[PDB]
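# pasting the structure only:
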RNA sequence: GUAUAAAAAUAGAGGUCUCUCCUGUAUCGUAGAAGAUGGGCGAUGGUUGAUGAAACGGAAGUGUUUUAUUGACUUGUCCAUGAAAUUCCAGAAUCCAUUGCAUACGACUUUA
RNA sequence: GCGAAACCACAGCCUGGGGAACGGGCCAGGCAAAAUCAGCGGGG
RNA sequence: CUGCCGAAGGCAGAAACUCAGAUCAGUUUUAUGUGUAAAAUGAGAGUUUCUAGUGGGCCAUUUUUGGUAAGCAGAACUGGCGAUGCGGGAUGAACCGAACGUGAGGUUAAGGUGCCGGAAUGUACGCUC
């Protein structure tokens, strides 16, 4: 059983949005 | 009426397994006599001209393909004292069916060992047995081993056991 | 030589098993996004030139003789020099009188007939 | 001509045709026999077993 | 390691997931499996965490007709069956037939108490769990989640152990008699060079 | 029955190409590997992990780090060979080995012999 | 696995430098190609010698002189971390320098999430003196009366008929 | 009662398959007693038979047999690949096959 | 071969101070024209079938022991006969009727 | 006893996901037993 | 109905004829400072002519300036998509492999080997409750 309050599995928009904005973070720190 | 091309496939003698030397005790893995143990008289072009002592297990002079034969490590039985050159492919030839118009219970009554089987063939078989029995009588347990039959059981792994 | 067929199932038009207004004869799909045309998984195959059979055996019946349509005794006689490669097939509209006349002519020719016993 | 490609490396006859030298090749030759001369400079040993 | 018609597994000391996976692979292979004594299956993780896992499993129910909602089974045998069937393709005829080849029971009923009970080493807690690790018992988690037949099984198991001990003592005495006659027989030393 | 990992404990190799051989621990390399030797020539000096060996109950006096020559010397002096065989454990192992080496004719010998063993089944009344 | 190599190299001689100096390093790599590249980047970062104008003059694998004697090896290494800089010194008891390096790589990948390229080895030296050993667990192994039962006994043939022994 | 069984037991596990594609042309067979690929080397080339029974009587027998041959090992656990004269039905998953000892090579 | 029933622990168990485990690769069984027909020698045993009676087994008793009477086969060991051309694998309930404790209609509760 | 019409690709359970539009078809689960009657209208 | 060629964000094809060339290259060396010039490798290279369809946009890449709690906006190149099925990432327009005739056998890529699921409940060393 999950035994959690928040699901450990992520949606495809959410997982795609990390690589969208993680790269921009490296752009900003550059 | 086209002439086919000359195939370059020539016929060369069989290289039999070295373990299938004449005088070896072997198990039949197929046929009517499956599981029986027999003494290899000689090696024919493809099969083995073999017989189990008929006075022991009742296996007549028969050919068996070398791929259906389990060679044993049992001690060799002398066969050099009997002739084997009378066993030929023509000797074992099953004449010819000559039409499937048979089997109305008459081809089967006129069959079996009472008929068909010549008294001459019985003579060679008894002669071979007469020249083979003294050896297996001298060496212990061959008579009983040959009279018995081979069969598998629980906990038996053919890829592990060595015959 | 023997006979080899690359495929035995005939190509059915898509959705011909769903609609009766749609015939069983093959029609090539035209939609740009149709699954059949784009060849997705588990979809009925499309007639390809690669599906053709060996030329040496193409058009040949299972017994190796190509069927030749015959209507009269003249057509029977034309298979005199081709009896080893062609087999006379009786036309469906040939009457009983010409059928028995033709079939004995072929039997005298030594020409196989694929619908003789009819 | 050449209806089937036969590998000389698995077919001896084809190797014989293409290479009329395989009849006498003598791959395994004796160079060392026994009289081996152990040769390694002591400076090389020191720099090897250095550090 | 030979194909038997029925394999009786004494689930004492085993791990729920490991035994379920082994059994689920045997059923798809086509073997009838009887997992007896299911109140002794062990699960890794301390008891409070496992009870929280199970009590979270109760939470899953329909908001219309909980009669059609998830069926929460409290018996240890049914807990093992749920674990096993989750490892099988039970939505197909193959998996549905595989489930029919499994008989998970509580305790060791008389039809299976007189038959040899093999064990699975790949699921045994003693061989598969690092010492010093907390675990729990399904027969204990069941009692504190709703199972109400713990006392009867324990009583009927004490009776079974008493009867089995009496049977083994009788068989051991007979085996001692046979064992004593063994070396008394001579061929056991005369021609024993074959290793027997 | 303790089987502590001592310097000089003789052990039975159970995994690898040297399965079934008898060795003796010469040095304890670390927590999870050790150095072993044996008087038998076919088994060379090597470092082996404890997962590929089972410890025996026989302990033989042996100074640490000894060469194979005196390891054989002390092995022969205390008679470790045939002391391991004296245990019924080795008898069972060699009985299994002979039974594995056995063949079909001799299996029929065992056939008759154990039938003659079951011959008696004689129990006093 | 790993093998220890010595790589000797120099830049190509020119008129400016008729006799270039000869630089030898002892380093560990699975094969000669990795060793040469491992050496070249090391030479670049220590002495700024370009790979193009240099050449590997000698490559030699080294075998352990006494692989049958248990030894204690202390390893000085440098790590690239979040900060990009760290220095560590570990001790491993093993009969071979190569095995000690392999154990070091496995431990560091297990503990500090270190990879082969992130780890650069400064020095692998043998510590014969017992007093010079700093690590307590190494000293525990070096005690004369070491004794302990087998740890992690852990023990196709499914469906065993009897219960496991897992003892003596 | 026990003087027979010149064959070894086997189970028809599944078709040689990917995760989502099955190839019924070759099947996966698990021989009793065989637990490694080197042990499967012995059973390579042996004649495996699938014996089932049917209602209609042909040649005066209820029993029908489908022949096959072990071709190559499959995996590390001793399973093999078998090719039959007729591809085995998918309803025989987990059924029992009989691997005979011929053609023998020893 | 549709063969094999203690329990418990695994940083310990069991047996006669001593011994054993360290896996069932074990144990029981295993010949016979698919199991034929006789002759001895050695033991009162084994396989047991058929009935006939005692006890035990209730967790799903799916059976267990004890026998008795016999009819069998008695490889325990040693001998003689036949195999084959299978001549190279295959009494009840309901409707109609009745009831009103029930009831849209079924159903239900009573009588009949 | 007589006797329609609108509507009709096919249909018919829910949870999480299926980048979106989440849907009923797809993924992973809960589940799942004929034939029906009278209500109420949630879901179009 | 089948086959072949096949885009576009001036193209692809057709016909008419050059030279068996140093004639070109989404390329790398050499020399001079991404430009130009004169060795490697590959390819047969070409010129005039006319005639269909399109001239869009989404995604990411590296080069900058303007920026703010915070994202963001505007450029240039690069590719993928678009015309593209297949294996894997539980499933998916933009993630990892791989460009598709009908079949047999062998071997792999990416991803995987507890069960669902084909494949080691493999070996070795550590960490974690």
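Noted; the coordinates are in hand. Numbers count the residues shown, from 1 in each chain, chains lettered A, B, ... in the order given.

# Now for residue 5, how many residues are close by?
No chain was given, so I picked chain A. A count of neighbours around residue A:5, defined by other Cβ atoms under 10 Å in any protein chain shown, yields 5. Where you see a C-beta, it was placed from the backbone N, CA and C, and this is true even at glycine.

# wait, chain H
Should you count by other Cβ under 10 Å, residue H:5 turns out to have 14 residues around it.

# isn't it right up against residue B:154?
No. Shown here, residue H:5 and residue B:154 do not form a contact pair, counting by Cβ atoms under 8 Å, at 9.6 Å.

# and the gap between the residue of chain H found nearest chain A and RNA strand K?
Scanning chain H for the residue nearest chain A gives residue H:19, at 20.1 Å (criterion: Cβ to the nearest Cβ). According to Cβ to the nearest atom of the strand, to the nearest Å, residue H:19 stands 4 Å off from RNA strand K.

# again, but for residue B:71
Computed as Cβ to the nearest atom of the strand, the residue B:71 to RNA strand K distance reads 30 Å.

# Bridging across strands, which residues link to that residue?
With DSSP bridges applied, the residues forming beta bridges to residue B:71 are residue B:26.

# what about whichever residue of chain A sits closest to chain E, how many residues close to it?
Per Cβ to the nearest Cβ, residue A:1 is where chain A lies closest to chain E, at 4.8 Å. Residue A:1 is surrounded by 13 other residues when neighbours are defined as other Cβ under 10 Å.

# Surely it touches residue E:55?
No. Counting by Cβ under 8 Å, residue A:1 does not reach residue E:55; the two are 9.2 Å apart.

# dump the residue contacts of the closest residue in space to residue B:121 that isn't next to it in sequence.
Take residue B:121 and drop its neighbours on the chain: the residue closest to it by Cβ to Cβ, 6 or more residues apart in numbering or on different chains is residue B:61, 7.3 Å away. Contact partners of residue B:61, counting by Cβ atoms under 8 Å, 6 or more residues apart in numbering or on different chains, are B:41, B:49, B:51, B:87, B:121, B:124, B:125, B:128.

# buried subset of those residues?
The neighbour-count test (16 or more other Cβ atoms under 10 Å in any protein chain shown) applied to those identifies B:41, B:49, B:51, B:87, B:124, B:125, B:128 as buried.

# Which element, helix or strand, includes residue H:10?
strand H:7-17 (DSSP states H and E).

# when you compare where the helix or strand that that strand is followed by runs with where strand H:7-17 runs, what's the angle?
Scanning forward in sequence from strand H:7-17, with DSSP H and E defining helices and strands, the next element found is strand H:22-31. For strand H:22-31 and strand H:7-17, the angle between their directions (axes from the mean of the first three to the mean of the last three Cα atoms, to 10 degrees) works out to 150 degrees.

# Buried residues, strand H:22-31. List them.
Within strand H:22-31, the residues that qualify as buried are H:26, H:27, H:28, H:29, H:30, H:31, counting by 16+ other Cβ under 10 Å.

# and of those, the nearest to chain B?
The closest of the buried residues of strand H:22-31 to chain B turns out to be residue H:31 (Cβ to the nearest Cβ; 8.7 Å).

# before we move on, back to that, need the buried ones among the contacts of residue B:61 in a markdown table with secondary structure, can you?
Shown next, in a markdown table, are those (DSSP: H, G, I helix; E, B strand; the rest coil):
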| residue | secondary structure |
| --- | --- |
| B:41 | strand |
| B:49 | strand |
| B:51 | strand |
| B:87 | coil |
| B:124 | helix |
| B:125 | helix |
| B:128 | helix |
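
# And the residue of chain A closest to chain D?
Proximity to chain D, evaluated over chain A using Cβ to the nearest Cβ, is greatest for residue A:26 at 42.2 Å.

# Run through the neighbouring helices and strands of the lengthiest helix in chain C.
Longest helix in chain C by number of residues (criterion: DSSP state H): helix C:96-109. Here helix C:96-109 is seen to pack against helix C:73-77, strand C:86-90 when contacts are counted using 3 or more Cβ pairs under 8 Å, 6 or more residues apart in numbering or on different chains; DSSP states H and E.

# Next, the buried residues of the first one.
Residues of helix C:73-77 classed as buried by neighbour count (16+ other Cβ under 10 Å): C:75, C:76.

# again with stretch B:116-124
residue B:124.

# Outside of it itself, which residues are in contact with it?
The contact list for stretch B:116-124, computed with Cβ under 8 Å, 6+ apart, reads B:61, B:86, B:110.

# run the last query once more with 10 Å
Contacts of stretch B:116-124 with the rest of the structure, by Cβ atoms under 10 Å, 6 or more residues apart in numbering or on different chains, involve B:51, B:54, B:60-61, B:82-83, B:86-87, B:91, B:110-111, B:113, B:125.

# Narrow the residues you listed to those in strands?
Using DSSP state E, the members of those that fall in strands are residue B:51.
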